[PDB]
Each structure stands twice: as C-alpha cells, then as structure tokens.
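Chemist: This structure is in structure tokens; I'll ask about it shortly.
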Amino acid sequence: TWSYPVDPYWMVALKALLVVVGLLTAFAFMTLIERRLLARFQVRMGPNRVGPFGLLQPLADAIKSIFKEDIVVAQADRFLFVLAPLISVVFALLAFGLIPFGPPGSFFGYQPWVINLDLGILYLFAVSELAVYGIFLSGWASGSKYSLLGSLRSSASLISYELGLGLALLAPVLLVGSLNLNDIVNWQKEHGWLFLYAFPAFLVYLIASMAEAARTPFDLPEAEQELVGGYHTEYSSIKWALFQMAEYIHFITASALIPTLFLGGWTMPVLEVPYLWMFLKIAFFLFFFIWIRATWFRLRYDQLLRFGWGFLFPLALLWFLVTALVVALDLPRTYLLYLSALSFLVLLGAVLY
Amino acid sequence: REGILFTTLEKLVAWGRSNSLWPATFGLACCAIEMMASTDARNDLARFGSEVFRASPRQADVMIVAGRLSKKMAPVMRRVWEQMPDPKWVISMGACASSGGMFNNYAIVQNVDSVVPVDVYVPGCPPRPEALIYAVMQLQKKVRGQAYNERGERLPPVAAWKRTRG
Amino acid sequence: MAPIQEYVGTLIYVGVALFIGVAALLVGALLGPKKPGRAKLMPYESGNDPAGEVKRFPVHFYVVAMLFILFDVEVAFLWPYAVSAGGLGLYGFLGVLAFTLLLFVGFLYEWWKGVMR
Amino acid sequence: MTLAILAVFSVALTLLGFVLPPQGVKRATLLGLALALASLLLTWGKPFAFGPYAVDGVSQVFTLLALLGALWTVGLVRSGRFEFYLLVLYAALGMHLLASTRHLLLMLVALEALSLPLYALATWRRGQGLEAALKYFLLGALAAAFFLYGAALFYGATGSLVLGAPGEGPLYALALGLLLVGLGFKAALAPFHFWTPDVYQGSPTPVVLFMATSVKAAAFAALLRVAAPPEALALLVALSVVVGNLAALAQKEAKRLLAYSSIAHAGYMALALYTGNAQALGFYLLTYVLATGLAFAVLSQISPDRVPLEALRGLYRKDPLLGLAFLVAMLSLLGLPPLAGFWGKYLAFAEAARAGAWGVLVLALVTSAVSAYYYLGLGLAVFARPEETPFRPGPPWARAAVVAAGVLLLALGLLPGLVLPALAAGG
Amino acid sequence: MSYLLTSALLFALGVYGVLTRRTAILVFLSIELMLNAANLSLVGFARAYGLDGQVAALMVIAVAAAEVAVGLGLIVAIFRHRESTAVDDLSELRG
Amino acid sequence: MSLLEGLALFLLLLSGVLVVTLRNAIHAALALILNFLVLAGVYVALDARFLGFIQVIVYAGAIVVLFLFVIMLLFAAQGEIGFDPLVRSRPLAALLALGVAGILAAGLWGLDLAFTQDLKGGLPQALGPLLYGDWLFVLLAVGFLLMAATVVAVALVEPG
Amino acid sequence: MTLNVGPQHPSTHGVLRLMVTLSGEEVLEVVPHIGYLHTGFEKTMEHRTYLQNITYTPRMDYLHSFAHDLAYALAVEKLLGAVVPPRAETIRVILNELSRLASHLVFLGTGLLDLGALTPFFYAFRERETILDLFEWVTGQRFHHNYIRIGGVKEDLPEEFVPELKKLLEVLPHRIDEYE
Ligand code: SF4
C-alpha cells in the first residue's frame with residue numbers, strides 16, 4: 001500500500017464483517033454442493049428433499065447442531081477444552097480476506113480486499129502455522145491419551161508440510177520482487193501467469209495444499225475405521241461443527257490462493273470484470289479437489305512423511321536455487337520458460353509408459 | 001431453556017432435529033450388511049437424514065441397533081448408548097434385535113428393549129432397505145409430535161427423556 | 001515506511017473475526033437441554049478408559065518438531081534474499097548457495113539416519 | 001585459511017562418515033586437525049582480516065594451543081558412533097572463530113558453536129555423565145543469556161558491535177561488566193566456578209582433557225579482547241585464587257582436585273589481564289596447557305571413570321617413564337623453577353605489578369604456597385606402594401606423546417628464552 | 001525510553017523465573033523469555049543507532065532457536081525413562 | 001503516546017508475570033505465546049516490521065511448538081513438582097530478582113539518545129544489502145551453527 | 001503401548017476386540033478376544049426339526065448364505081440316502097456360484113472402502129443389488145434363502161429368472177475389469 005488507497009477504520013470493519021459472515025454462509029452452501037457432487041460421482045443422488053431443492057437442508061442441519069447437550073468431559077480440564085475449538089477457527093478465518101479480487105474502488109467505491117499490509121506472504125505463512133496450535137492442544141485438552149496420540153500424528157504431518165510450503169513460495173517472490181499479493185497479481189497482468197514461469201514451484205505448492213486436509217493424506221487420522229482422529233471425537237455440540245467449519249475454510253482459502261498467486265485471480269486477457277472471473281477459478285479448483293476426494297485412497301502416515309519431507313522438499317529447493325540463479329544475474333526470462341516446459345515434459349512423460 | 005418455550009420456536013427446533021437425523025449404525029450381526037445397503041446407490045438414506053455414519057457415538061444421535069445382541073455385548077452397548085448427547089433415539093431393526101429373534105437361548109437377549117429403550121421397531125429379517133427408510137420416516141414423524149399407539153394416545157417426542165443415565 | 005494504518009486494519013479484522021467466532025460459541029453454549037454428570041464422566045470406547053495406559057510416546061514427534069524449527073530458521077533468513085536479489089548481484093548468489101548447502105548438510109544427516117527410529 | 005581447512009573438512013566429513021567404518025573417521029579427523037595446525041604454521045605472524053573474521057597475533061597463539069589439546073583427546077578415543085570424533089572437530093572450529101573475532105554478534109554465535117557440541121560430548125551415557133551434562137547446560141544457558149543481554153546494552157552505549165569503541169558513563173560501565181559474565185563463566189573464574197567441579201568429575205576422562213585445556217584457552221582468548229576494568233578483575237582474581245586453593249584441600253578425588261585447581265589457575269592467568277599482554281598470557285597458557293594436558297592424559301590411562309586419590313600411588317613402579325612425566329607435570333603446575341611453570345607465573349605477576357595492583361598480587365602469591373599441599377599430595381604419591389587399581393598401559397603412541405610433553409615442559413623451564421621472542425604481539 | 005525500561009523489567013522477571021521453578025522444562029522455558037527481553041532491547045536501540053540492530057536481532061533469534069533445539073533434545077533424552085521431572089534430584093555429584 | 005502505549009506495555013509485563021507464576025506447564029507456555037504476540041506487535045510499532053513477522057513465525061510458531069511437544073511427551077501435571085527443603089528459597093528468589101532489576105535500572109536511567117534515525121520500517125527491502133553485505137560471514141556462521149545443532153540433536157536423542 | 005482396539009469401535013467389520021501390545025509403533029502381537037456374538041446355533045438346533053433347520057444355517061455366514069445351506073443339504077441328504085435329480089444339480093450350482101459372486105462383490109466393496117476413500121464401495125454394491133434382485137425373483141428374498149430342502153430345491157425356477165440371469169452375464173466381464 002503505497003499505490004493503493006487506505007480506507008477509514010469503519011469501512012474496514014464493514015468489509016471484515018461481511019467477509020466473516022460471508023465465510024459462514026459460504027461454508028453452509030459449500031457443504032451442500034460438495035455433498036451432492038460426491039453423490040453424483042458415486043452414481044447416486046445427494047440430498048434433494050427438504051424443499052425446494054435440498055437448499056434448506058444446511059439450515060435444518062445447522063439448527064440441529066445448536067439445542068444439544070454441551071458434553072464436557074470429567075477427564076478434560078475445562079479451560080483448554082472450551083477454548084480449543086475457538087483458537088482453531090479464529091486462526092483459520094484470518095487471512096482469507098487478504099486476497100485481492102478486483103481493481104481498486106470496485107466495491108461501491110471501495111476496495112475488495114479487507115487488508116493489504118505491506119508484507120503479504122509472511123502473513124499467509126504465519127497464519128498457516130497457528131492452525132497447528134489448535135490441533136495438538138485440543139488433543140491434550142480432552143485429556144484422553146487416545147485423543148492425544150491422534151493429535152500428535154496430525155500435527156507432525158502438518159508441520160512437515162508446513163515448512164515445505166515456504167520453500168515453494170520463494171520462487172514467484174523472486175520474479176515479482178515484492179511480497180504483497182497485489183504486486184503479484186499486477187505483475188502477472190503484464191508479464192503473464194506464474195504457473196507458466198515456475199512450474200515445479202507450482203507443483204509443490206499444490207501438493208503442499210493437500211496437507212491442509214484436502215484428502216490424500218487422510219490417515220489424517222480419521223476417526224472412522226482407524227486409530228482415532230485428532231482434535232474431534234470428544235466434541236459434541238456447536239464446538240464440533242466449529243472444528244469441521246475450520247477445515248473447510250482452509251480448503252476454500254487454499255482453493256482461492258492457488259488462483260490468486262499462480263493464475264492471477266482477476267488477470268484475464270478476455271475480459272476482466274472484477275469479481276466474476278475469480279469465482280470461476282475458485283470453482284475449477286473446488287471441483288478438482290472433489291475429484292481427488294472421491295477417486296483415490298490415502299497415505300498411511302509412514303508413507304506420508306517419506307513423501308513430503310524426503311521427496312517434496314528436494315524438488316522445491318532444487319527449483320529455488322535454479323530460479324535464484326536466473327533471477328540473480330537478471331537474465332532473460334526465456335531460460336525459465338524453457339525449463340518449465342521441459343520439467344512439464346518430464347512430469348507428463350512420467351504418467352506415460 | 002431446553003428448546004421449549006414459544007409454540008413457534010419449538011416447532012422450528014422440532015423440524016430442525018427431525019430432518020437432520022444423522023444415523024449412527026451399530027452393526028452387529030447378519031442384519032448389519034443390509035443396513036449398510038441402505039446407503040448405496042439403488043436406494044438411499046442420503047436424502048432424508050444423511051449418508052454419514054457418525055464417527056463416534058459422542059457426536060451422533062439415532063442409534064440403529066441392527067442385529068443379534070449377545071448377552072456379553074449388553075453392558076458395552078449400555079455404555080455406548082449412555083454417552084450420546086441428550087436427544088437420542090434407538091431404532092431397533094430386525095427380529096433379532098427387537099424380540100431376540102428366533103434364538104431363545106441362554107445366549108441371546110430377548111428384546112434389546114430391556115436395556116436401551118426403543119422408539120421404533122421395524123420388524124423383518126433382514127427388513128429390506130425400503131423398510132428401513134419407512135422406519136426412519138416413522139421416527140421422523142415421531143419427533144414432530146405426531147405418533148400414536150393403537151389405543152389412541154400420543155407419545156412425547158423422545159421416549160428417553162424418561163430413563164436417561166440415572 | 002509504509003502505512004501503519006493498514007496494520008491497524010489487521011487488528012480491526014482480528015477483532016471482527018474473534019467476535020463472530022465467540023458469538024457463535026456463546027449462542028450454542030447457552031441453549032441446550034441438560035442432565036447433570038454421573039456417567040458423561042466417561043470418554044469413548046468400552047465404557048471408561050479409551051485405551052489402557054500409554055505413558056510414553058516415541059521420539060518420532062520430537063524429531064519432526066526439531067527439524068521444523070531449524071529449517072524454519074533457514075526460511076526466515078532466505079526471505080530478505082528473496083526480495084532484493086538484483087541488487088545483491090552475483091556475489092549475493094554465492095552467499096545464498098553457501099548458506100543453503102550448510103543447511104542441506106543438516107538435512108542429509110537426518111535423512112540418512114531416519115525419521116522413523 | 002586455517003578456517004578454510006576446518007570448515008571444509010567439517011562439512012566434508014559429515015557425509016563421508018557413512019562410507020567409512022568408525023576408525024576411518026578417527027583417522028580422518030586426527031589428520032584434519034593436524035592439517036589445520038600446519039596451515040597455521042606456514043602463515044605465522046602474517047595477518048589477514050576479512051572484516052568479521054580477523055586473524056591476529058593473539059588468535060595465532062591461542063588456537064595453536066587449542067588445536068594441540070584437541071589432537072590429544074581425539075587420539076585416545078576408540079568408542080563407536082562416528083560422532084564421538086566428529087563433534088570434537090566442530091567444537092575446534094567454534095573455538096577458532098571465537099578467538100578470531102571481536103565483533104560481538106559473531107562472538108555469541110561462536111560461543112554457541114563451541115558450547116553446543118560440548119554438552120553432547122559430555123555423555124558416554126554413564127549415569128553421572130547425564131547429570132553433568134544437565135548442570136553445565138542449564139547454568140550455561142543462563143550465562144549465555146547474560147552475554148546476549150550484555151551485548152544488547154553495549155550496542156546502546158557505543159554505537160557499534162565491535163569491541164574497541166569509546167565508552168563513557170553508567171551504561172557503558174554496566175555493559176562492559178555483563179560481557180565479562182559470559183566469557184568469565186566459560187573459563188570458570190569464581191564465582192562462576194560452580195559447574196567446574198561437578199562436570200569434570202562426572203564426565204568421562206578423555207572428554208575432560210579437551211575441556212580442561214582448549215575450552216579454557218579459547219574462552220580466555222575472547223576475554224582478552226574485552227577491556228575488563230581493573231576493579232572487576234580485582235574481584236574475580238581474588239575470589240578465583242582464594243576459592244580455588246583453599247577449597248582444593250578438601251577434595252580427595254583426582255578429577256575434582258584438578259577442577260578446583262583450574263579455578264585457581266584461571267585466577268592466576270587473570271592477573272596478566274590487568275595490562276593485558278598475550279606475551280605474558282600467551283606464555284602462561286602454553287605452560288598450563290602442556291602440564292594439564294600431560295597430567296590429564298595419565299588420568300585417562302588409569303580409568304576413564306573417576307579415580308580416588310589412592311590410585312595415583314605406585315605409578316613409578318608400574319612404569320618409570322610415566323611416573324616421571326606425571327611427576328614433572330605436577331611440579332610445573334605448582335610453579336617451581338626451573339620448570340617452565342615458574343616462568344609462566346613470573347611473567348603474569350610481572351604484568352600485575354607493572355600496572356600496579358598490589359593487594360591482589362599478594363593474595364595470589366600467598367595462596368600459591370598453599371597450593372603445594374595438594375600438589376605434593378599427587379606428585380609424590382607416585383613413588384609409594386602400588387595398590388589394586390586399574391592401569392592398562394595404553395598405546396606406544398601415547399607413551400611417546402606424554403614423554404614428549406614432559407620434555408617440552410622442562411625444556412622451556414631451563415630455556416624460556418626460545419619461545420618468548422615469537423609469541424609476541426605482532427607475531 | 002519507555003520500551004527500553006520495560007525490557008529491563010522483563011529481564012528481571014526472567015531471573016525470578018530461573019530461580020523459582022522446580023521443573024526442568026519450565027526453567028528452560030524461562031530462559032527463552034530472557035532471550036526475548038534481549039532481542040527487544042536490541043531493536044529499541046536500533047532505532048537510535050540505525051539498522052544494524054535489526055540484523056543483530058535476526059542473528060540472535062537464530063542462536064536462540066538453535067540453543068532451544070539442543071536443549072530440549074537434551075531434557076527429553078535425560079528423562080525418557082523416569083518422569084519425576086524436578087530439576088533437583090540430580091544430587092549424586094558432590095564429592 | 002502514553003494513552004494507548006501504556007496498555008500494550010502493561011500487557012507485556014502482565015504476560016511476563018504469568019509465565020513464571022502459573023502452576024501448570026501448559027497454561028504457562030500458552031501465556032508465553034500471548035507474550036510473544038504482544039511483543040510482535042511492539043516490534044511492528046517501533047518501525048521494525050520484518051522483525052515482527054519473523055518473531056511470530058520463528059519464536060511463537062516454531063520454538064514454542066517444540067516446547068509444547070516436550071511438555072506433552074513426558075507429562076507436566078504440575079509446574080511446581082517438589083516440595084523440597086528449598087521451599088525456603090522462594091523469598092530469597094524474590095529478593096535477588098528485585099536486585100537485578102535495580103542494577104539494570106541504574107544503567108538505563110537518565111539515558112539520552114536520538115530516536116530520529118529512520119530505519120524505514122525495517123522492511124526486507126532495506127535489510128538485503130546489510131544481511132548479505134557486511135554481515136555475510138556472521139550469516140554463514142549462523143548457518144554452520146544450525147548444522148552442528150542438527151548433528152548434535154540427533155545424536156543426543158536417538159543413540160545413533 | 002497397550003492399545004485396546006475395542007469391540008465394534010470404530011469398526012473392525014466384526015465386533016472383534018484386540019489386545020494390541022505395541023512396542024513403539026511396530027506391533028508386537030495382537031491377542032484376539034472373541035465371545036461378543038456367540039449366539040449358539042449348535043445348542044438351539046439340538047432342539048429343532050430337520051426341515052426347520054434350513055432356516056438356521058444361513059443365519060451364520062450372512063454374505064455367503066447359500067453355501068452353508070448347500071453344505072448342510074448334502075450332509076443330511078447323504079445320511080438318509082436320498083438322491084437328487086439332474087435338474088436339481090444344475091439349479092444348485094447356478095445359485096451357488098451366483099452367491100459366491102455376492103460374497104466376493106461385497107468383499108471387494110469393503111476392502112476398497114476400509115482403507116481407501118469412499119467411492120469404490122458404491123460400485124461394488126450396485127452390482128450386488130442386481131444379484132440380489134435376481135435372487136429375489138427365485139427364492140423370494142434378498143438373502144436368507146429358504147429354497148433348498150433335503151433332496152433338491154423346493155420349487156422350479158420362475159420363468160423370468162433365466163432371461164434376466166443372461167442380462168447380468170453380459171455386464172459382469174466389463175464390470176470386473178473396471179474393479180481391477
Ligand atoms: S432379523 Fe434376520 S437379517 Fe436380521 S439379524 Fe436376524 S436373522 Fe439376520
């Protein structure tokens with residue numbers, strides 16, 4: 001923000017309030033369409049009763065969740081137990097609303113981003129670390145040692161990928177030379193789309209966003225059919241819903257960021273109309289993950305560490321150094337172009353026998 | 001409060017509970033696989049309540065006792081039931097659950113209904129999936145406050161804000 | 001500098017999010033039936049006790065955690081380099097490589113030794 | 001350039017150690033150090049700054065000593081797990097850097113580079129050796145914290161993180177002290193001595209060798225560059241020399257005896273610091289390292305695990321050469337011409353009087369006569385009857401080494417006028 | 001001036017920590033607070049004498065982090081076969 | 001400044017009190033997280049932004065997670081285990097503690113400086129040239145320290 | 001360490017209870033504990049007629065019901081020395097291997113579901129429904145057939161069962177390949 005307007009505090013508040021409750025309502029109807037899209041994949045029909053079209057079922061469901069007993073375990077210490085969902089939702093909500101959506105003033109005369117800071121990327125990275133607080137603490141909080149073992153499994157996995165997320169994100173930061181999202185968007189407006197120019201850093205970022213519970217880790221643990229699920233399985237009322245809520249808000253946040261950064265979320269040579277085109281990129285990734293969600297299995301935790309830690313970080317750091325060379329001597333950008341294109345041929349050919 | 005003050009509110013909440021019934025299955029015996037059936041594809045239960053099969057009894061609500069109930073299994077079940085949040089119903093599916101089925105032995109327990117109280121019985125063996133939908137339709141109209149016995153008298157929504165966990 | 005205004009704007013936001021969070025939780029909390037404890041003392045599985053006593057947990061979790069800190073310190077340092085990187089020139093790049101290989105040596109020790117032990 | 005060999009070797013060996021069996025890493029590391037020593041010699045007296053890293057006359061003398069001590073300790077060890085050679089290497093690098101800087105942030109980082117591998121080297125897993133480790137670490141992290149806090153207040157008072165900036169009123173006075181705490185503790189000037197008796201006792205002998213020479217050298221190295229007030233010193237020296245010599249009468253176990261002694265010795269060296277001369281302090285530390293090095297070698301050859309006073313007895317019977325070596329060593333530490341130990345003392349005392357600081361200097365001299373009690377308590381004990389106690393003979397390697405050391409002691413005793421010319425400030 | 005005074009107070013608290021606590025892990029925890037008392041000071045003066053105290057701090061953090069890692073590693077390794085995690089009851093070295 | 005400023009510095013001190021008082025380990029550590037957050041804010045406030053974000057990322061996100069994992073692995077059911085002959089030591093602890101604030105207070109009181117010199121918010125833009133400039137050795141030293149830290153840390157825990 | 005993987009919690013696909021003695025993370029041994037479903041066939045059948053007994057054998061293996069029945073059918077049939085006409089032997093194999101398909105189909109359905117995500121369950125079941133509906137025609141029930149009495153099946157196949165059986169024989173090869 002040295003080129004973009006500030007808005008007075010009140011107007012900030014208004015946007016913030018909109019986006020928060022926006023993400024409640026978001027989450028509501030997202031659950032329904034995802035639910036239904038799974039059904040179709042498994043040659044079935046989803047919810048479609050509770051008139052008019054299934055679109056009141058989340059209301060019914062939500063209303064059900066409240067008006068239930070507040071189960072508070074004897075074996076849980078009170079303070080952490082009640083607190084623990086709270087932390088996990090707060091730090092999940094925060095920093096969706098960073099991401100730009102359209103050029104300045106296009107919200108009745110106001111900015112579509114809520115905040116904009118002066119260091120974007122750090123803020124994202126930072127909020128991603130604080131989710132992991134919520135997780136393991138909840139485990140401990142409930143005070144069952146079974147729950148505890150689950151939460152550590154979970155956190156262990158998260159924390160491993162979490163570092164990898166960092167080394168993945170350096171590559172486009174080189175190219176634009178600034179941190180804030182806006183600069184990244186606007187750079188792509190001219191120069192054109194970071195998924196072209198740094199393909200292996202795209203890849204690892206994608207596959208790192210898997211680790212935000214997207215399915216295909218998924219010996220998360222879950223609770224059903226397995227060694228107990230972290231966090232949940234001791235929560236009951238509204239609080240339980242909160243945990244799940246958080247997990248989805250992560251899902252859509254990641255589904256938005258991959259467009260914002262790597263595809264230019266409001267970049268578009270066809271027409272740029274502010275909001276509209278963003279939602280279409282969102283929609284695409286949304287659908288991609290559900291196809292994953294259905295059609296593949298899971299990784300057994302042991303396997304999962306080997307995969308992120310051992311394989312993923314060497315592809316990330318190899319790319320960081322190469323691009324760091326190119327960017328350092330400030331050479332033509334062609335030389336990355338060639339490399340991206342070649343790496344794609346490797347990673348395409350790899351599927352082909 | 002408890003959901004029951006204004007006429008208006010309580011009818012809301014009662015709709016709320018009734019159409020969202022998330023089934024927690026307690027597969028046990030031979031019934032069980034036909035109970036799993038009630039989800040996949042040809043039939044459904046994902047358009048009344050929901051597909052989900054709750055991953056703890058802690059966060060569940062309608063417990064479907066589907067199968068033979070061995071005597072040794074009874075105190076476990078007693079406890080599984082006890083730890084459900086307060087509005088909780090037990091559909092007892094299959095003859096084996098409902099009245100001990102044919103086995104009259106020392107082993108099997110005649111009528112799950114001794115232990116946990118039942119709300120809807122659904123006779124059959126295995127009651128074929130469409131029958132199971134019918135049972136849950138019943139339990140639906142039960143929680144709305146529209147359930148009767150043959151003598152002509154209504155029943156209160158649950159039948160288990162009655163004997164509870166003491 | 002850059003606007004301190006926009007850091008304030010974060011604080012506002014945090015206040016909103018936290019508020020809507022807590023608001024939802026307090027509605028949920030205050031409404032609901034109750035039957036006093038006497039058997040909701042118990043947790044998941046088999047009546048009381050979820051699974052035996054476990055007293056100790058493996059070093060696996062320690063190792064994973066420990067990795068993350070040391071390499072997070074790495075990342076911290078590699079951010080300044082990421083930003084100015086035409087100004088630091090070729091000598092810059094040599095600085096980066098040296099540092100990177102040092103932390104990579106770290107890596108190879110923990111990799112050849114193991115993350116399940 | 002000396003740094004060059006160490007750093008390179010350190011990294012290279014890291015990965016190498018997977019290929020070789022454990023002995024090959026001992027052979028390798030031993031070699032490495034010897035090369036690092038070579039590289040020092042051929043550039044003697046020529047200085048190279050690069051800003052942060054800063055080769056001086058001082059550096060050259062004190063890391064010469066430090067590498068010596070480190071060679072010895074790597075020598076004797078036979079135990080598995082490639083790390084118990086590797087770590088000694090690391091630590092040496094840490095000391096090399098420590099001496100060769102003035103800039104405080106580097107100085108801290110260097111302190112950690114040397115202190116970290118030391119905590120871990122404190123365990124061959126003997127139960128005591130975990131306790132030892134623990135004490136040293138907890139107390140260590142506190143003194144660390146002070147040294148960091150000191151630096152932060154220093155940056156306030158001068159406007160630099162280099163040492164040798166101007167200074168003034170209260171904050172600079174304060175600040176200059178808090179730097180002395182960290183550095184002070186690592187060399188153990190009482191009262192900061194507390195760990196030195198437990199940790200030396202608990203830790204297994206060869207490790208303790210490394211610690212008792214080299215770490216003390218390196219720590220002192222950095223101490224000299226600090227401008228330490230004549231007032232601060234007067235406290236430190238007095239307490240060190242008093243607590244050192246007096247308390248040492250009470251003990252009856254070898255390691256602890258030498259531990260308390262090395263609180264006294266830290267005190268004696270600290271006299272040189274008044275004017276500050278690395279000719280005086282240089283000399284001192286040479287005589288101290290050799291003598292302690294010799295003495296502690298012998299203690300490894302007894303047992304690697306704590307020995308009572310009695311065990312030293314009869315050393316002359318079992319082997320004549322060793323019996324004499326250890327003898328000479330013990331007198332050299334007492335300060336008694338014409339062994340070098342007197343000269344080491346004399347040079348230090350002379351700098352105290354030159355700067356003029358009398359009361360302190362007297363205490364020092366008095367209590368050094370006290371010291372003769374426990375030193376004869378070892379040094380003569382050698383000739384008495386042998387009792388039933390271990391004494392594995394040790395290599396032919398080491399026998400030659402020990403006797404070399406004892407000859408280097410008494411040689412400079414009669415002929416100090418060889419080395420002193422070139423341990424000078426400009427060389 | 002206010003902040004820099006505060007740092008010295010925060011140091012004072014840390015000392016109170018180190019002496020009081022009777023759990024090993026919480027000793028170590030207290031040390032970490034002291035290290036941040038420092039880092040604040042370092043920044044505070046950094047506004048006065050410009051820019052280098054920033055870089056200073058960053059290096060300091062890193063040293064702290066390193067010293068965390070090894071220390072907690074040690075604390076674990078000492079008590080991973082007993083669980084009376086008091087910082088006394090190491091009495092066995094004394095003569 | 002003293003209107004708002006007062007609150008934030010109060011919070012810092014308060015948070016400090018808690019982490020050395022509270023008699024359950026987790027509650028302690030968790031308070032300390034609130035401490036370092038506040039402190040992160042105070043970094044941002046002093047024209048040092050980058051350092052703020054690194055404070056959260058490293059010190060409150062990395063370091064303290066390591067703390068917590070240790071305190072879980074081995075329990076910590078009381079943060080004051082031992083009623084011990086050193087129970088006498090509580091008033092002496094409080095005494096010396098006061099002393100160390102006093103002596104430090106002296107050194108810092110009456111100080112005169114400038115506060116004029118503009119860091120420029122200490123954004124990573126302006127940090128680049130120093131960091132990989134004159135401090136580049138120190139950085140590499142840091143880097144070596146880390147490598148040693150890794151090697152040591154592994155060798156301590158797992159007998160390798 | 002001592003994990004008690006409970007009886008029917010969260011599942012096992014039984015009601016098995018396992019005392020898992022764990023060292024670290026690599027299981028030493030699992031001690032199984034059964035007795036949570038012994039409902040006593042062996043006793044009860046000692047107090048029922050032979051005709052009645054065919055309604056007690058398929059209440060054991062749920063999935064592969066017809067195999068139990070058949071196995072029993074032979075055992076008595078042998079005992080009292082009856083024969084069994086040629087058409088009977090045909091019917092008994094056609095149903096028996098059709099029921100085998102039921103068992104494997106449900107098995108692979110659970111297997112994929114068990115660990116692995118949701119989807120393959122539904123396909124494996126869909127085909128199973130078609131098998132059960134064919135069955136429904138001829139024995140009158142989805143499972144728990146009562147369609148074998150001592151000497152052969154109790155009534156001829158309905159007319160409609162042979163055409164529709166042909167339908168499912170077309171589809172199965174293509175489907176089997178798609179499970180693979
Ligand atoms: S009622 Fe029938 S299908 Fe059900 S468990 Fe009993 S025998 Fe099986």
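How things are named: the first chain in the structure tokens is A, the next is B, and so on; residues count from 1 in each chain; ligands count from 1 in the order shown.
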Taking only C-alpha atoms and all ligand atoms into account, which residues are within 6 Å of ligand 1, as an MDAnalysis selection string?
Modeler: (chainID B and resid 29:31 67:68 94:96 124:126) or (chainID G and resid 59)
Chemist: Would you mind writing down, as a ChimeraX atom specification, each residue of range 58-180 of chain G that DSSP on the backbone assigns to helix (DSSP H, G or I)?
Modeler: /G:58-59,65-80,86-114,120-139,161-179
Chemist: Determine, counting only C-alpha atoms, which protein, DNA and RNA residues have an atom within 7 Å of an atom of residue 93 in chain E; residues of the same chain fewer than 2 positions away are not included. Present the result as a CSV table (one decimal) with N, CA, C and O atoms, in the first residue's frame.
Modeler:
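Here's the written file result35.csv:
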```
chain,number,residue,atom,x,y,z
D,198,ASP,N,31.7,-30.3,39.4
D,198,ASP,CA,30.8,-31.4,39.1
D,198,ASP,C,31.0,-31.9,37.8
D,198,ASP,O,31.0,-33.2,37.6
D,202,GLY,N,32.0,-35.8,36.8
D,202,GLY,CA,31.0,-36.7,36.1
D,202,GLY,C,31.4,-37.1,34.8
D,202,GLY,O,31.1,-38.3,34.4
E,91,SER,N,21.2,-34.9,42.7
E,91,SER,CA,22.2,-35.0,43.8
E,91,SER,C,22.9,-36.3,43.7
E,91,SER,O,22.4,-37.3,44.3
E,95,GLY,N,31.2,-35.0,45.4
E,95,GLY,CA,32.4,-35.5,46.1
E,95,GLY,C,32.4,-37.0,46.3
E,95,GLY,O,31.4,-37.6,46.8
```
Chemist: Give me, as number ranges by chain, the contact residues of chain D against chain C at a cut-off of 10 Å, counting only C-alpha atoms.
Modeler: D: 11-12, 14-15, 18
Chemist: Give me, as a ChimeraX atom specification, all polymer residues having an atom no more than 8 Å from residue 30 in chain D, counting only C-alpha atoms and skipping those fewer than 5 positions away in the same chain.
Modeler: /D:71,74-75
Chemist: Which chain C residues are at most 6 Å from chain A (counting only C-alpha atoms), as a short mmCIF file (atom, residue, chain, number, x, y, z; two decimals) with N, CA, C and O atoms, in the first residue's frame?
Modeler:
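This went into out-v3.cif:
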```cif
data_model
loop_
_atom_site.label_atom_id
_atom_site.label_comp_id
_atom_site.auth_asym_id
_atom_site.auth_seq_id
_atom_site.Cartn_x
_atom_site.Cartn_y
_atom_site.Cartn_z
N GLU C 6 -2.59 0.26 7.89
CA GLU C 6 -3.04 -0.99 7.39
C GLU C 6 -2.73 -2.08 8.35
O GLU C 6 -3.38 -3.12 8.31
N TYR C 13 -9.83 -6.30 11.92
CA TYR C 13 -10.20 -7.57 11.35
C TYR C 13 -10.16 -8.68 12.35
O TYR C 13 -11.12 -9.44 12.47
N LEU C 18 -12.78 -12.76 15.69
CA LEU C 18 -12.86 -13.25 17.03
C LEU C 18 -14.23 -13.06 17.59
O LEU C 18 -14.73 -13.93 18.29
N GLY C 28 -24.59 -21.18 21.04
CA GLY C 28 -24.55 -22.61 21.12
C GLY C 28 -24.46 -23.10 22.53
O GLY C 28 -25.15 -24.04 22.91
N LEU C 31 -27.79 -22.42 24.98
CA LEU C 31 -29.02 -23.13 24.70
C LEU C 31 -28.73 -24.59 24.68
O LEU C 31 -27.74 -25.02 24.12
N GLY C 32 -29.62 -25.40 25.29
CA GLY C 32 -29.49 -26.83 25.16
C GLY C 32 -30.07 -27.47 26.38
O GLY C 32 -30.03 -26.86 27.44
N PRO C 33 -30.56 -28.70 26.32
CA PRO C 33 -31.05 -29.45 27.46
C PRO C 33 -29.91 -29.78 28.37
O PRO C 33 -28.78 -29.58 27.97
N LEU C 41 -18.98 -38.62 32.49
CA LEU C 41 -17.63 -38.55 33.03
C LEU C 41 -16.75 -39.32 32.07
O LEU C 41 -15.62 -38.95 31.78
N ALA C 82 15.27 -13.25 -0.97
CA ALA C 82 14.25 -13.31 -1.97
C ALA C 82 13.83 -11.97 -2.49
O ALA C 82 13.48 -11.85 -3.66
N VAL C 83 13.80 -10.93 -1.64
CA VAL C 83 13.30 -9.65 -2.04
C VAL C 83 14.30 -8.91 -2.88
O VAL C 83 13.98 -8.58 -4.02
N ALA C 85 17.64 -8.94 -4.89
CA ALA C 85 18.23 -10.11 -5.46
C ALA C 85 18.69 -9.76 -6.81
O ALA C 85 19.18 -10.63 -7.51
N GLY C 86 18.52 -8.50 -7.23
CA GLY C 86 19.21 -7.96 -8.37
C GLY C 86 20.20 -6.98 -7.85
O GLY C 86 21.13 -6.58 -8.55
N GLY C 89 23.41 -8.95 -6.61
CA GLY C 89 24.28 -9.42 -7.65
C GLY C 89 24.72 -10.84 -7.48
O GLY C 89 24.21 -11.61 -6.67
#
```
